[PDB]
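Here's the structure we're looking at; comments come further down.
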Amino acid sequence: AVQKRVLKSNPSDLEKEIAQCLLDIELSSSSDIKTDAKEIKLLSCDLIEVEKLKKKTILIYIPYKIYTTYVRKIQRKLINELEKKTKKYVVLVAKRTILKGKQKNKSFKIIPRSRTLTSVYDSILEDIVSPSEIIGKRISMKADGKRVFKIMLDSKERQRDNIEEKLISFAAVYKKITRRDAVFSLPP
Amino acid sequence: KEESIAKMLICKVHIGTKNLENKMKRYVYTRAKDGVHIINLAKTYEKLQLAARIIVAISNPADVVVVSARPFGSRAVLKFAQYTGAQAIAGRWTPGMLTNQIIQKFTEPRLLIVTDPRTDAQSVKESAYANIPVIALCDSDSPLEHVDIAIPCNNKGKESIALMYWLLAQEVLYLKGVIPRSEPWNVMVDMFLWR
Amino acid sequence: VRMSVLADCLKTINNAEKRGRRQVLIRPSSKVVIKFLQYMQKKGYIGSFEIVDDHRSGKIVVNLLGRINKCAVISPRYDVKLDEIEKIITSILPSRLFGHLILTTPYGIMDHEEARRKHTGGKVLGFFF
Amino acid sequence: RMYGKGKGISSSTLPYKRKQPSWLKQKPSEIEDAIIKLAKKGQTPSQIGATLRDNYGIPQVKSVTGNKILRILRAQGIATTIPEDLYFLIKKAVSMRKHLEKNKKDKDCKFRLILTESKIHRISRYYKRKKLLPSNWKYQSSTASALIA
Amino acid sequence: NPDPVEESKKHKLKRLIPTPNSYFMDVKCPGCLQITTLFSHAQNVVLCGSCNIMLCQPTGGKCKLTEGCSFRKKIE
Amino acid sequence: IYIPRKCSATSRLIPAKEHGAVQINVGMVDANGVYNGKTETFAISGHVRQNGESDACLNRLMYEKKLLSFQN
RNA sequence: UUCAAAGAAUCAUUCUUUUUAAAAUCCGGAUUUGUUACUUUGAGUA
RNA sequence: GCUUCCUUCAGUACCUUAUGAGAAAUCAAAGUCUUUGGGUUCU
Ligand SMILES: [Mg+2]
Ligand SMILES: [Mg+2]
Ligand SMILES: [Mg+2]
């Protein structure tokens, strides 16, 4: 009864669990928001670990339309709820597709710059932090032939128990998505 | 140390003159409502200490000349010379002193301690033709061309200069084995000061 | 007005080196310029550099190791054949033993030696000593 | 500056954040409607934008609405045939010409008139190269006055 | 250190990362009973909701802001 | 094969006939404050001295070590 | 406007292998994708 | 409200200083030039 329908895959380990959790939330009306999992769905998930003592964190790949309409609007509440339920840190992202420039889709004629790789990456960075909003990207080229993206977020997150850990998780997720090193921070 | 700072205050090295000199900006704390420039003073202390250390690092003290063409720093520099080993110049610097081999009063040191690179600029300039490092007890407004260490003080106020010199001497003594720490140094300021 | 961002950037860098700066704010970043900088870094002449993203043409600030003698663009990006390279390098850079003559080549930007190794010459961006 | 020796850099420069700020309550539709109303009321793009910034609480129509304001006007169909800046230039030229007609000896004015004509021709050319102007559109000193409306 | 700079927002509008000096204002008249909203450096005058009174005197930079009044910055 | 001296600040490397350029020597402390035997060294090129940036360079060098503490 | 990432050899560097999207094609596997300049290989030249 | 002081824009001069330049006179442009190529018109 539903639950399989809330995701858009063949049920696998953690996606199903997430769906169940969502359903429970819908049923219950925890904290404030109600009937918001009626609106939500998901495409897929990925559990990822980090350089830690412990902890595994979760990507939730969401169909783009849904993300634009509902998830963008109520994200903080949702994420917090998820955290409360499943102690694994979670991040929503939109499953947005990337297209090669020179290639010729049946669709379009000229790729929109929304779909360009760089743009997509930027958008996913924006997504992944969402309690907060980016202040300034800044890409340190190390002398070793590496590139580090040194992102710095606003205030707001500074009032939380999970700060540094959260940042680390974000970094890890970014790496997973785009084989890119990243580092996160805030201002004093 | 707070004591040193207090002493400085009692004298006047906290006030630098009007005219700031962009490279000296960092040492200056802020300007006043008057039209003067207050030196950061902690910086003065640390810098002074560093200078003293550098001086000590010279193997023998005799080949570290000191200079002031000013009438009222001359005494101070003489005192300094007496207390450490160092030559003083005092007053009229001769333009050939560090270059002109054949001159009578030649004497080429391993360090030059100017009191003011504004007035005693010739000496400073010379320091370049014989690779002499140069430390300078310079003001707010002073030019730091060729000076390695700039101790920010004031040179106008003779008493202040004297005090600074005394402090430097004390530091050098401490660095050497002669007057151990915890004990204050016997000799006074006023001893260094002009008249 | 701007024309060749890259050239301007290189000039700025050179100026900085001459003064003996440490840091230097290359003011419009460009993919090409970034590539050039990376290349320089690889061959040791430059330290780190923090391409700062505005929401425009970015700024780079770049960390200098006091090591560059000169770096430069050679405008008119002359197409240059693989055989034609040697003479050009003789003309330009101070010794056969060192300096690098950077070509944009259909296998990305790389130095004259690299080009030789590959086989393709291409258009000639610039150089350093 | 294209024509004088002026070299000033007075400029709007927009903030780093380009997703609209938290305090902005207006939904996009409402703002679009407002824009439309403004357009109807006789305002030009720039002016409209200014009005939006000042009278209503909204910094940039681009952050609230994905589209820029000219684009939305076009969509709504209340876009001018003759682009803002170009139109303004034409107006200025017309004014200059009237003065010249009145007052024949003004040399400085004449010189400036020439400059404005030249600028129009640049702008005009650019618009032709796109598709905002038709290719059959020279600008004429005789017609000009009628064109602006 | 050109990258991590501290107190130089007293540079020109062309800093390391360009900001604007302008900002928005939560504003209230003495006794209109509302958040009116405003832009510092507003050219055209703003009339408050009810009795249409000058809230901002227009000027060559940073609107003079009428009478006593009070303004919070919009923040964020 | 005389390998010339690298200005410790700017790395410019300095020839025989430079003079001007100076090898300033800073003496160490051992707990008390007394002059330790050792000596930490900085060569400074002539160019920097001429400029007046020399003092700044020295400060930076000190900071890089532990010798003084404020940087600028 | 597809940035990058990882593995093996050599004396920090060199040369190599592998994958990271979307569309059409072929029996889950495997293989085509603007024009010209430029460049590389050729071909053909007494 | 004006006045000053700070910072900053755009003008606009001057002063010292050039391990910058120049044949020198001098020049913060006449500099970043045998470490020669940002663009371009003229001679
Ligand atoms: Mg022109
Ligand atoms: Mg300009
Ligand atoms: Mg030439």
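Please treat every number below as a calculation from the coordinates, not as lab data. Neighbour counts run over all protein chains shown; Cβ positions are idealised from the backbone, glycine included.
Quick look at the values:
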{"read-out": "Residue order, fewest to most surrounding Cβ atoms within 10 angstrom, among A:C45, B:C138, B:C153", "value": "A:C45, B:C138, B:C153"}
{"read-out": "Label-point separation in nm, B:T119 to A:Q103, each point 7 Å along Cα→Cβ", "value": "7.8"}
{"read-out": "Chain D: most fluctuating residue of D:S46, D:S29, D:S63 per GNM, C-alpha cutoff 10 Å", "value": "D:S29"}
{"read-out": "Compactness relative to 2.2 N^0.38 Å, alpha carbon Rg of the range C:1-68", "value": "1.02"}
{"read-out": "Near-label residues of the range C:1-40 by backbone N, under 17 Å of a point 7 Å along Cα→Cβ of D:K130", "value": "none"}
{"read-out": "Principal semi-axes in Å for the range D:25-79 [√(5λ), Cα gyration tensor, largest first]", "value": "15, 13, 10"}
{"read-out": "Charge dipole magnitude, Cβ of K and R +1, D and E -1 - the range C:69-129, Cα centre, debye nearest 20", "value": "60"}
{"read-out": "Angle in degrees between helix D:28-40 and the longest Cα principal axis of chain D, rounded to the nearest 10", "value": "30"}
{"read-out": "Loop sites in chain F: chymotrypsin sites (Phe, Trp or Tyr not before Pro), DSSP, at most 10 other Cβ within 10 Å", "value": "F:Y2"}
{"read-out": "Degrees separating the helix D:45-54 axis from the principal Cα axis of chain D, which is the longest one", "value": "40"}
{"read-out": "Helical segments meeting 15 Å axial Cα length and Kyte-Doolittle -1.0 threshold in chain B (DSSP H)", "value": "B:42-57, B:158-175"}
{"read-out": "Amide H partners (placed H, <5 Å) of A:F149, local residues excluded", "value": "A:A182, A:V183"}
{"read-out": "Calculated FRET value between A:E133 and A:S44, using beta carbons and R₀ = 25 Å, to 0.05", "value": "0.45"}
{"read-out": "222 nm mean residue ellipticity, helices alone, for chain B (DSSP H n ≥ 4; -39,500 (n - 2.57); rounded to 500)", "value": "-10000 deg cm²/dmol"}
{"read-out": "Shielding of E:12-21 by partner chains, average beta-carbon count, 10 Å", "value": "5"}
{"read-out": "Spacing of the two label points (7 Å from each Cα toward its C-beta) at A:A143 and C:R56, in nm", "value": "3.1"}
{"read-out": "Positive-pole candidate from A:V50, A:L99, A:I62, dipole of the range A:37-170, charges at beta carbon", "value": "A:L99"}
{"read-out": "Within the range D:24-97, trypsin sites (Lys or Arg not before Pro) in DSSP loop having at most 14 other beta-carbon neighbours inside 10 Å", "value": "D:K25, D:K41, D:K68"}
{"read-out": "Whole-percent pair-distance distribution, where bins are 20 Å wide, for the alpha carbons of the protein assembly as shown", "value": "11, 30, 34, 21, 4, 0"}
{"read-out": "For chain F, with +1 on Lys and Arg beta carbons and -1 on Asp and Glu, the positive-most of F:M28, F:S54, F:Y2 along the dipole", "value": "F:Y2"}
{"read-out": "Rh (Kirkwood; distinct C-alpha pairs) - the range A:48-161, Å", "value": "16.6"}
{"read-out": "Distance in nm between pseudo-label sites at D:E84 and D:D106 (7 Å out along the Cβ direction from Cα)", "value": "2.7"}
{"read-out": "MRE, 222 nm, helices only [DSSP H, n ≥ 4, -39500 (n - 2.57), over chain D, to nearest 500]", "value": "-16500 deg cm²/dmol"}
{"read-out": "Centroid-to-centroid separation of the range B:122-195 and the range C:1-64 [C-alpha atoms, Å]", "value": "43"}
{"read-out": "For chain F, radius of gyration divided by Kirkwood radius, i.e. Rg to Rh on alpha-carbons", "value": "1.03"}
{"read-out": "Mean projected area in nm² (Cα convex hull; one quarter of hull surface) for chain D", "value": "11.3"}
{"read-out": "For A:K95, distant residues with modelled amide H under 5 Å away", "value": "A:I62, A:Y64"}
{"read-out": "Pair-distance profile P(r), taking every C-alpha pair of the range C:69-129, with 5 angstrom steps and integer %", "value": "4, 22, 36, 26, 11, 1"}
{"read-out": "The range B:61-194: C-alpha pair distances exceeding 26 Å, %", "value": "19"}
{"read-out": "Mean residue ellipticity (222 nm) of chain C, computed from DSSP H runs ≥ 4 via -39,500 (n - 2.57), nearest 500", "value": "-9500 deg cm²/dmol"}
{"read-out": "Calculated FRET value between C:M3 and C:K87, using beta carbons and R₀ = 25 Å, to 0.05", "value": "0.40"}
{"read-out": "Top of B:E108, B:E171, B:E183 by mean-square fluctuation, Gaussian network on chain B, Cα under 10 Å", "value": "B:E183"}
{"read-out": "Size of electric dipole in the range A:84-188: Cβ of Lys, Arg +1 and of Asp, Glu -1, about Cα centre, debye, nearest 20", "value": "740"}
{"read-out": "Amide H contacts of A:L7 (H built 1.01 Å from N, under 5 Å, at least 5 apart or other chain)", "value": "A:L42"}
{"read-out": "FRET efficiency, A:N10 to A:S185 (Cβ-Cβ, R0 45 Å, nearest 0.05)", "value": "0.70"}
{"read-out": "P(r) tail fraction, the range B:138-180 - alpha-carbon pairs more than 11 Å apart, %", "value": "68"}
